[PDB]
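Student: Protein chains in written order, with PDB author numbering: chain R, 33 to 332; chain K, 4707 to 4715, 4757 to 4888, 4897 to 4911; chain T, 286 to 402, 445 to 503.
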Amino acid sequence: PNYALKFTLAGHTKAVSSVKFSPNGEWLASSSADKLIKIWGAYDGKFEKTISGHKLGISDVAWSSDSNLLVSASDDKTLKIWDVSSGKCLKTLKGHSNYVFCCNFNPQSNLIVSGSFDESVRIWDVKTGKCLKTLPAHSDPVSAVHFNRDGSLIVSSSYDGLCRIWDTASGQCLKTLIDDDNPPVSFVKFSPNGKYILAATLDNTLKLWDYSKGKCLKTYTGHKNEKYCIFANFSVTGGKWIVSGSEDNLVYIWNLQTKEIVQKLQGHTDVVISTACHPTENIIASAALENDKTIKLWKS
Amino acid sequence: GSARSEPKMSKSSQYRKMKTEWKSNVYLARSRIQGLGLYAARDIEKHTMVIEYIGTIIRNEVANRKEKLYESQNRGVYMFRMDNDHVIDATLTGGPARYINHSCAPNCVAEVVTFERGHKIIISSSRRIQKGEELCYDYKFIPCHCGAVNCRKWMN
Amino acid sequence: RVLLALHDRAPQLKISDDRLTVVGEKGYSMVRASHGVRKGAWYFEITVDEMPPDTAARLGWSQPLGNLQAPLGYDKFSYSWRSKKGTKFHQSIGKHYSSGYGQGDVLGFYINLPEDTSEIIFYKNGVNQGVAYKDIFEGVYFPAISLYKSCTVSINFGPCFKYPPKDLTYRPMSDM
Ligand SMILES: [Zn+2]
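1) Given 7 Å as the limit, tell me if K/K4908 has its C-beta closer than that to any heavy atom belonging to ligand 1.
2) Ignoring anything shorter than 3 residues or poking outside the segment 285-320 of chain R, list the beta strand (DSSP E) runs there in chain order.
3) With a threshold of 7 Å on Cβ separation, who are the neighbours of K/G4842 within its own chain once the five nearest residues in sequence on each side are excluded?
4) Apply the 10 Å Cβ neighbour rule to R/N180 and answer buried if 16 or more other Cβ atoms are within range, or exposed otherwise.
5) Does any heavy atom of ligand 1 sit closer than 7 Å to the C-beta of K/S4850?
6) If you check the beta carbons only, do T/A326 and T/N397 fall under 8 Å apart?
7) Check whether the Cβ atoms of R/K250 and R/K221 sit closer than 8 Å, and answer yes or no.
8) Are the segment 271-283 of chain R and the segment 292-310 of chain R touching by the rule of at least three beta carbon pairs closer than 8 Å?
9) What residues in its chain sit with their C-beta under 6 Å from that of R/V283, if we drop five residues either side in the sequence?
10) Quick one, which of R/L41, R/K109 and R/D115 has its alpha-carbon nearest R/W95's?
11) Since R/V153 contacts R/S190 with CB under 8 Å, what's their CB separation in whole angstroms?
12) Cβ closer than 8 Å: which chain K residues qualify as neighbours of R/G43?
13) Taking T/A355 as the query, report the chain K residues whose CB atoms sit under 8 Å from its CB, ordered along the chain.
14) According to DSSP, is K/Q4781 helix, strand or coil?
15) What first and last residue would you give for the alpha helix (DSSP H) that runs through K/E4814?
16) Below 7 Å, is the gap between the Cβ of K/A4903 and the nearest heavy atom of ligand 1?
17) Please decide whether K/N4831 counts as near chain R, where near means a Cβ-Cβ distance under 8 Å.
18) Examine chain K for any beta-carbon lying closer than 8 Å to the beta-carbon of R/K259, and answer yes or no.
19) Please compile the residues from chain R whose C-beta is within a distance smaller than 9 Å of the C-beta of K/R4777.
20) DSSP on R/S104, reduced to helix/strand/coil?
21) With a cut-off of 8 Å, does the C-beta of R/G89 fall near any C-beta of chain K?
22) Classify K/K4770 as helix, strand or coil using the three-state DSSP reduction.
23) Evaluate contact between the segment 62-73 of chain R and the segment 85-94 of chain R, counting only Cβ atoms and requiring at least three cross-stretch pairs below 8 Å.
24) What three-state label does DSSP hand T/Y395 in the structure shown?
25) Is the beta carbon of T/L289 less than 8 Å from the beta carbon of T/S319?
26) Give me the chain K residues within the contact set of R/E151, using Cβ-Cβ distance strictly less than 8 Å, ordered along the chain.
27) Please check the pair R/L240 and R/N257, which I expect to be a contact at CB under 8 Å, by giving their CB distance rounded to whole angstroms.
28) Name the two residues that bound the continuous beta strand (DSSP E) containing R/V145.
29) If you measure from the CB of K/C4899, is any heavy atom of ligand 1 nearer than 7 Å?
30) Taking the runs of the beta strand (DSSP E) that are 3 residues or longer, which of them lie wholly in the segment 447-483 of chain T?
31) Can at least three beta-carbon pairs, one atom from the segment 330-348 of chain T and one from the segment 470-481 of chain T, be found at a separation below 8 Å?
32) Given residue 2 of chain R, which residues of its chain have a CB within under 6 Å of its CB, disregarding the five upstream and five downstream residues?
33) Can you name the start and end residues of the beta strand (DSSP E) that R/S276 belongs to?
34) The segment 298-324 of chain R: which residues have C-beta closer than 8 Å to a C-beta of chain K, in chain order?
35) Should R/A201 be labelled buried (16 or more other beta-carbon atoms within 10 Å of its own) or exposed?
36) Return no unless some Cβ of chain R is closer than 8 Å to the Cβ of K/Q4877.
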């Protein structure tokens, strides 16, 4: 465990919100809220092209199989259906009335969910884009949408710790999960099997929650997450690894069985908004907000 | 522009006739004000009774710890007072009526008919409420998301 | 005569018809006495007669502008000490003091109150339980009782006390 700095991805006008790697080692664009998506690289920061022309800042952008097809979850209550080599507004998604926080293409590449805050969540079509359903996704605003390994389950996060695994074919979720905290959950996600969900309970104790029982496996220590948005990552390249984001200008990389403090990596100048992981190689990015305006690549 | 970069900072008998049809009255339907609400697969007529506010009776003082309970799991945002003596909870175990919302044109009011087991919050009608109209009550103690005609866009 | 009060009650509380005994209500609401002082070292007695298994009842001095419905120890007006696991309370927070009281004792309470020319001590079978806190506020100091299921405790104000200690110079409240 000697993960060393390799590159630096600067050149931002506003704060960077997210990094999300390509599924097979292709790209990592500037998924920020700066009205800019510059197609940066994952291996060496290879600048490809400029895809911009937005009205407001993008909360997060989606991703595709070829890491090209996008849809903008911007803050102007609209969504364009994007392509890299087009630069053209195909259609417009309408049905929100607040911040479009999050949107996803499923791993089968045939759905466009779009998360909202006043529960105007609509699951859209990739081809047509017709108004289908308002969803009562929580009692609270949504802070995560995700699709599992195959694409029949939708996890969603709340401001009181609702791990609702929404069904794709029917629309009725199965199991309600809870903690004794009152957690404003910034992010939940699936696993490579869909059974363990890492929520956000904000007293420096983030828990990996089971599918059926709703218990936790191993409650980690030594991390800093009480107010700010921090993603949730795992690594399958070599052995067991735990990678997350930080707040105190560090890079959080640990192991699952230990629950210790064995590696933290200085090098940032802001609260780490985002880290991410790569399946075959230990190529790890680490993004931060406006007081850094860089995305620093890491590699063993 | 980002919210992610910003940190998160005669009456009794007809009433029991209504008591014998609680599955038959409504089903748990939605409302696009916020999440759910309550619609009907029927036309609720004039002087038709609907629901009773039941659940877990708080004593005189236990609300002063229930307000601390509201800071753990954010449990009850569904309040309605019984009286000066007591309050009724509907969050741990009790009445499932915790999805009756409010728009600033409420189509129901609160009325009290008293049994031997104490004062009970009783709902009736005064008009023929049609199919699918959301039942919602005036509060009289966060802005609304309804889009109503001549709407105050508040709670009370 | 040093006795109880009329409207110092909740309707679920039953001040008994002897004005020497309070009957417990199964919840937790505060009943208080009627004759108190403001400055000086004074004394009375609560004779705890009978107790069920696994109870919770808190006794101590109080001021009348507190909560009429609280378990005792909820406010800064008053202190308390619980019959189970022996805990002193400041706004009803668990701060471990001793082990609580049982069946067949007298809980006769001492007060200390200086002034420019203040602590609350609890007794139990004459045992000096120690000091709860120091430098309490200004007001009229009533006793206060909140109980379990309908048990039996007695109050006492006469100079023929059951357990008179010999460690402090105190006065009975019946001199009023
Ligand atoms: Zn309205």
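Every residue, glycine too, gets a C-beta built ideally from N, C-alpha and C.
Tutor: The answer reads as follows:
1) Translated into the one-based positions of the second sequence, residue 4908 of chain K becomes position 153. Result yes, Cβ under 7 Å from ligand 1.
2) The qualifying runs are 304-307 and 315-320.
3) One-based indexing of the second sequence puts residue 4842 of chain K at position 95. Closer than 7 Å at the Cβ level, and outside the excluded window around K/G4842, lie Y4800, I4801 and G4802.
4) Position 148 of the first sequence holds residue 180 of chain R. Label assigned to R/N180: buried.
5) As a position in the second sequence, residue 4850 of chain K is number 103, starting the count at 1. Flag set: Cβ of K/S4850 near ligand 1.
6) Within the third sequence, numbered from 1, the residue matching residue 326 of chain T stands at position 41. Within the third sequence, numbered from 1, the residue matching residue 397 of chain T stands at position 112. Using a Cβ distance threshold of 8 Å, T/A326 and T/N397 count as a contacting pair.
7) Position 218 of the first sequence, counting from 1, holds the residue named residue 250 of chain R. Position 189 of the first sequence, counting from 1, holds the residue named residue 221 of chain R. Their beta carbons are not under 8 Å apart, which means R/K250 does not touch R/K221 by this criterion.
8) Segments in contact, yes.
9) Here residue 283 of chain R corresponds to residue number 251 of the first sequence, with the count starting at 1. Counting only Cβ-Cβ distances below 6 Å, and skipping sequence neighbours, we find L297 and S318.
10) Numbered from its first residue, the first sequence carries residue 95 of chain R at position 63. The candidate whose alpha carbon is nearest that of R/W95 is R/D115.
11) Sequence index remark: in the first sequence, residue 153 of chain R carries index 121 (1-based). Sequence index remark: in the first sequence, residue 190 of chain R carries index 158 (1-based). Not really, about 12 Å apart at Cβ, beyond 8 Å.
12) The sequence position of residue 43 of chain R within the first sequence is 11, counting from 1. Within chain K, no C-beta atom comes less than 8 Å from the C-beta of R/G43; the nearest is roughly 17 Å away.
13) For the purposes of this step, residue 355 of chain T is identified with residue 70 of the third sequence, where counting begins at 1. Under the 8 Å cutoff, chain K gives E4808 and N4811.
14) The residue you call residue 4781 of chain K lines up with position 34 of the second sequence. DSSP places K/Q4781 in strand when its eight states are reduced to three.
15) Translated into positions along the second sequence, residue 4814 of chain K becomes position 67. Start and end: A4810 to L4816.
16) Mapped onto the second sequence, residue 4903 of chain K falls at position 148. At least one heavy atom of ligand 1 is nearer than 7 Å to the Cβ of K/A4903, so yes.
17) In the second sequence, the residue the question calls residue 4831 of chain K occupies position 84. No, K/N4831 lies away from the interface with chain R (no Cβ there is under 8 Å from its Cβ).
18) Taking the first residue of the first sequence as 1, we reach residue 259 of chain R at position 227. By this cut-off, R/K259 is an interface position.
19) On the second sequence, position 30 is the one that residue 4777 of chain K refers to. The contacting residues are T166 and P168.
20) For the purposes of this step, residue 104 of chain R is taken as residue 72 along the first sequence, with counting starting at 1. Looking at R/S104 - three-state DSSP - the assignment turns out to be strand.
21) As a position in the first sequence, residue 89 of chain R is number 57, starting the count at 1. For R/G89, the nearest CB of chain K lies under 8 Å from its own CB, placing it at the interface with that chain.
22) Numbered from its first residue, the second sequence carries residue 4770 of chain K at position 23. Here DSSP, grouped into helix, strand and coil, assigns K/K4770 to helix.
23) Flag = yes, the segment 62-73 of chain R and the segment 85-94 of chain R touch.
24) For the purposes of this step, residue 395 of chain T is identified with residue 110 of the third sequence, where counting begins at 1. T/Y395 falls in the strand class under three-state DSSP.
25) Within the third sequence, numbered from 1, the residue matching residue 289 of chain T stands at position 4. Within the third sequence, numbered from 1, the residue matching residue 319 of chain T stands at position 34. A Cβ-Cβ contact shorter than 8 Å links T/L289 with T/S319.
26) Within the first sequence, residue 151 of chain R is the residue found at index 119, counting from 1. Taking a Cβ-Cβ cut-off of 8 Å, the neighbours of R/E151 in chain K comprise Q4781 and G4782, given in sequence order.
27) Looking up residue 240 of chain R in the first sequence gives position 208. Looking up residue 257 of chain R in the first sequence gives position 225. Distance from R/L240 to R/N257 at the Cβ level is roughly 14 Å; contact not present, criterion being Cβ atoms closer than 8 Å.
28) The count along the first sequence starts at 1 and reaches residue 145 of chain R at position 113. It spans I144 to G147 - the beta strand (DSSP E) in which R/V145 sits, taken as one unbroken run.
29) Here residue 4899 of chain K is taken as the residue at index 144 of the second sequence, counted from 1. Yes, the beta carbon of K/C4899 sits closer than 7 Å to at least one heavy atom of ligand 1.
30) For secondary structure counted as the beta strand (DSSP E) over 3 or more consecutive residues, the segment 447-483 of chain T holds these complete runs in sequence order: 447-451, 454-458, 469-473 and 479-483.
31) Here the segment 330-348 of chain T makes contact with the segment 470-481 of chain T; the two share three or more CB pairs at distances below 8 Å.
32) Because residue 2 of chain R is not part of the residues shown, which for chain R are 33 to 332, the question remains open.
33) Within the first sequence, the letter at position 244 stands for residue 276 of chain R. For R/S276, the uninterrupted beta strand (DSSP E) run begins and ends at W273 to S276, by DSSP.
34) Going along the segment 298-324 of chain R in chain order, one finds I305, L321 and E322 with a Cβ nearer than 8 Å to chain K.
35) Position 169 of the first sequence, counting from 1, holds the residue named residue 201 of chain R. R/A201 is exposed by the Cβ-count criterion.
36) Here residue 4877 of chain K refers to the residue found at position 130 of the second sequence. So, not an interface residue.
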